[PDB]
Amino acid sequence: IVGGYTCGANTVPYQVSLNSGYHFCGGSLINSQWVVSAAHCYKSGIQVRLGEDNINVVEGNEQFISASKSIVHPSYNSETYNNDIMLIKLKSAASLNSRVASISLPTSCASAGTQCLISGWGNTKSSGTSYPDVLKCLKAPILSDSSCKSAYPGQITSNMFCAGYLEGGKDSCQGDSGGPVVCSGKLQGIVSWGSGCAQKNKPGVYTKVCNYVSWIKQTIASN
Ligand SMILES: N=C(N)c1ccc(O[C@@H]2CO[C@H]3[C@@H]2OC[C@@H]3Oc2cccc(C(=N)N)c2)cc1
Ligand SMILES: [Ca+2]
């Protein structure tokens, strides 16, 4: 997250870190047994880490739980990142508490201008490299589809939306992928892609979760 702030320990209790020996992607807890992330974060051997703030220090509220299965969206395209969403099942149910909490799925899509909360442990530098060890947060609005499409001609589908600032300075970044975009208490987006980070006229692009609520609900009920 570039241009954001330190969230505060466990203030974003649905935020999970995906670990395979190291943090590599964000995710969102959506009930005690399931995580939503981005399909481009797929790999085998995932451990989901819940209740994290400093991902390099055991601070006493963590739950580390291995994935028992991952399900990449049936139409994910790795070239275009269309349908960039995946589900991960926990080998055992998480213990839900004030620091380990699920986030609600949308009932409808959000509209342009809505303010969202984006968070993660990704790079905080627009040029060069600095990874934070504590969770970072950013408030940013959903941009109009025309502004989105204009910045990225031919690359935006109906399953994507842009959020951020066209002026630059504030954006998600490498290492934030898979994490949440929450607007009005609902998971509306997944950190998916962008051009650099926090660059002018290149906002972040997010998976539009509201288009997948039926697939999510049906898939978790059948797995
Ligand atoms: N459909 C496409 N045209 C498109 C499809 C895929 C793609 O991937 C390249 C390689 O990975 C890069 C990059 O994208 C993912 C990542 O950079 C990020 C990751 C997370 C957030 C941000 C951000 N600035 N908000 C950037 C790139 C483009
Ligand atoms: Ca920790």
# chains A, B, ... in the order shown; residues from 1 in each chain; ligands from 1

$ residues_near_ligand --ligand "ligand 2" --cutoff "12 Å" --atoms "only C-alpha atoms and all ligand atoms" --output "list in words"
residues 9, 10, 16, 17, 19, 23, 49, 50, 51, 52, 53, 54, 55, 56, 57, 58, 59, 60, 61, 62, 63, 64, 121, 133, 134 and 135 of chain A

$ residues_near_ligand --ligand "ligand 1" --cutoff "6 Å" --atoms "only C-alpha atoms and all ligand atoms" --output "MDAnalysis selection string"
chainID A and resid 79:81 155 171:174 176:177 191:197 204:205

$ write_last_selection --atoms "C-alpha atoms" --output "compact mmCIF listing (two decimals), in the first residue's frame"
# COMPACT_ATOMS: atom_id res chain seq x y z
CA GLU A 79 -3.20 -13.31 -19.22
CA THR A 80 -5.82 -10.63 -18.67
CA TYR A 81 -6.61 -11.39 -15.00
CA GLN A 155 -8.17 -4.16 -20.81
CA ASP A 171 -2.67 2.93 -4.44
CA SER A 172 -2.29 -0.75 -3.59
CA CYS A 173 0.93 -2.43 -4.79
CA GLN A 174 2.87 -5.68 -5.17
CA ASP A 176 -1.26 -6.44 -1.56
CA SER A 177 -2.69 -8.81 -4.18
CA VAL A 191 -6.58 -6.37 -5.18
CA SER A 192 -5.90 -7.59 -8.70
CA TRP A 193 -3.65 -5.49 -10.88
CA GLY A 194 -2.32 -2.13 -11.97
CA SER A 195 0.52 -0.39 -13.82
CA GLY A 196 3.36 0.22 -11.39
CA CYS A 197 1.94 1.61 -8.14
CA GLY A 204 -5.52 0.15 -9.20
CA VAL A 205 -7.75 -2.45 -10.79

$ select_by_dssp --residues "chain A" --states "helix (DSSP H, G or I)" --output "PyMOL selection string"
chain A and resi 39-41+145-151+209-221

$ write_last_selection --atoms "N, CA and C atoms" --output "compact mmCIF listing (two decimals), in the first residue's frame"
# COMPACT_ATOMS: atom_id res chain seq x y z
N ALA A 39 -7.14 -15.14 -7.86
CA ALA A 39 -6.68 -16.33 -8.55
C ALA A 39 -5.20 -16.25 -8.93
N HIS A 40 -4.69 -15.06 -9.22
CA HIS A 40 -3.26 -14.97 -9.55
C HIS A 40 -2.37 -15.24 -8.34
N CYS A 41 -2.91 -15.37 -7.14
CA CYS A 41 -2.21 -15.76 -5.93
C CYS A 41 -2.17 -17.26 -5.75
N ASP A 145 -16.38 3.87 -14.45
CA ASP A 145 -15.86 2.88 -15.40
C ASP A 145 -15.21 3.57 -16.58
N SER A 146 -15.70 4.74 -16.96
CA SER A 146 -15.13 5.43 -18.12
C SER A 146 -13.71 5.90 -17.88
N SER A 147 -13.45 6.40 -16.68
CA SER A 147 -12.14 6.80 -16.22
C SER A 147 -11.21 5.59 -16.12
N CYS A 148 -11.78 4.49 -15.62
CA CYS A 148 -11.06 3.21 -15.58
C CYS A 148 -10.67 2.78 -16.99
N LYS A 149 -11.66 2.72 -17.87
CA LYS A 149 -11.43 2.23 -19.24
C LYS A 149 -10.50 3.12 -20.04
N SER A 150 -10.64 4.40 -19.71
CA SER A 150 -9.79 5.38 -20.39
C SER A 150 -8.34 5.17 -20.02
N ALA A 151 -8.09 4.82 -18.75
CA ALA A 151 -6.69 4.68 -18.36
C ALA A 151 -6.09 3.39 -18.89
N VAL A 209 -16.28 -8.18 -6.94
CA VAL A 209 -16.79 -9.31 -6.17
C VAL A 209 -18.29 -9.51 -6.28
N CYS A 210 -19.03 -8.44 -6.49
CA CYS A 210 -20.49 -8.58 -6.51
C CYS A 210 -20.95 -9.48 -7.66
N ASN A 211 -20.15 -9.59 -8.72
CA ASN A 211 -20.52 -10.49 -9.81
C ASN A 211 -20.31 -11.96 -9.49
N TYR A 212 -19.63 -12.23 -8.38
CA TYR A 212 -19.28 -13.60 -8.05
C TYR A 212 -19.99 -14.16 -6.82
N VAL A 213 -20.95 -13.45 -6.25
CA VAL A 213 -21.52 -13.87 -4.97
C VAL A 213 -22.25 -15.20 -5.15
N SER A 214 -22.94 -15.40 -6.25
CA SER A 214 -23.64 -16.67 -6.48
C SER A 214 -22.69 -17.86 -6.60
N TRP A 215 -21.63 -17.67 -7.39
CA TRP A 215 -20.58 -18.67 -7.53
C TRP A 215 -19.92 -18.90 -6.18
N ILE A 216 -19.66 -17.86 -5.40
CA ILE A 216 -19.02 -18.13 -4.11
C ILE A 216 -19.91 -18.98 -3.23
N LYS A 217 -21.17 -18.56 -3.08
CA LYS A 217 -22.10 -19.23 -2.18
C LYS A 217 -22.33 -20.68 -2.61
N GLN A 218 -22.45 -20.92 -3.90
CA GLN A 218 -22.72 -22.26 -4.39
C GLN A 218 -21.49 -23.13 -4.24
N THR A 219 -20.33 -22.53 -4.47
CA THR A 219 -19.10 -23.32 -4.37
C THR A 219 -18.81 -23.72 -2.94
N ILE A 220 -18.94 -22.77 -1.99
CA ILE A 220 -18.63 -23.18 -0.61
C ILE A 220 -19.68 -24.17 -0.10
N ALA A 221 -20.96 -24.00 -0.49
CA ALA A 221 -21.95 -25.00 -0.07
C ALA A 221 -21.62 -26.38 -0.63

$ residues_around --residues "residue 109 of chain A" --least-positions-apart "6" --cutoff "12 Å" --atoms "only C-alpha atoms" --output "number ranges by chain"
A: 142, 158-161, 182-184, 186-189, 207-213

$ write_last_selection --atoms "C-alpha atoms" --output "PDB file, in the first residue's frame"
ATOM      1  CA  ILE A 142     -14.390   3.665  -6.691  1.00  0.00           C
ATOM      2  CA  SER A 158     -17.339  -6.092 -16.543  1.00  0.00           C
ATOM      3  CA  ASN A 159     -15.640  -8.074 -13.723  1.00  0.00           C
ATOM      4  CA  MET A 160     -13.168  -5.283 -12.923  1.00  0.00           C
ATOM      5  CA  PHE A 161     -13.397  -1.803 -11.415  1.00  0.00           C
ATOM      6  CA  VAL A 182     -14.356  -3.059   1.587  1.00  0.00           C
ATOM      7  CA  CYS A 183     -17.097  -0.478   0.978  1.00  0.00           C
ATOM      8  CA  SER A 184     -19.955   0.034   3.433  1.00  0.00           C
ATOM      9  CA  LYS A 186     -19.074  -5.405   2.282  1.00  0.00           C
ATOM     10  CA  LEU A 187     -16.248  -7.048   0.324  1.00  0.00           C
ATOM     11  CA  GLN A 188     -16.614  -5.354  -3.013  1.00  0.00           C
ATOM     12  CA  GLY A 189     -13.158  -5.812  -4.438  1.00  0.00           C
ATOM     13  CA  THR A 207     -11.896  -7.819  -9.052  1.00  0.00           C
ATOM     14  CA  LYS A 208     -15.615  -6.906  -8.897  1.00  0.00           C
ATOM     15  CA  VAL A 209     -16.791  -9.308  -6.173  1.00  0.00           C
ATOM     16  CA  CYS A 210     -20.485  -8.578  -6.511  1.00  0.00           C
ATOM     17  CA  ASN A 211     -20.517 -10.487  -9.812  1.00  0.00           C
ATOM     18  CA  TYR A 212     -19.279 -13.601  -8.048  1.00  0.00           C
ATOM     19  CA  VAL A 213     -21.524 -13.870  -4.971  1.00  0.00           C
TER      20      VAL A 213
END

$ closest_residue --among "A:201, A:91, A:144, A:65" --to "residue 167 of chain A" --atoms "only C-alpha atoms"
A:201

$ closest_residue --among "A:112, A:29, A:181, A:67" --to "residue 95 of chain A" --atoms "only C-alpha atoms"
A:29

$ closest_residue --among "A:88, A:71, A:1, A:198" --to "residue 27 of chain A" --atoms "only C-alpha atoms"
A:88
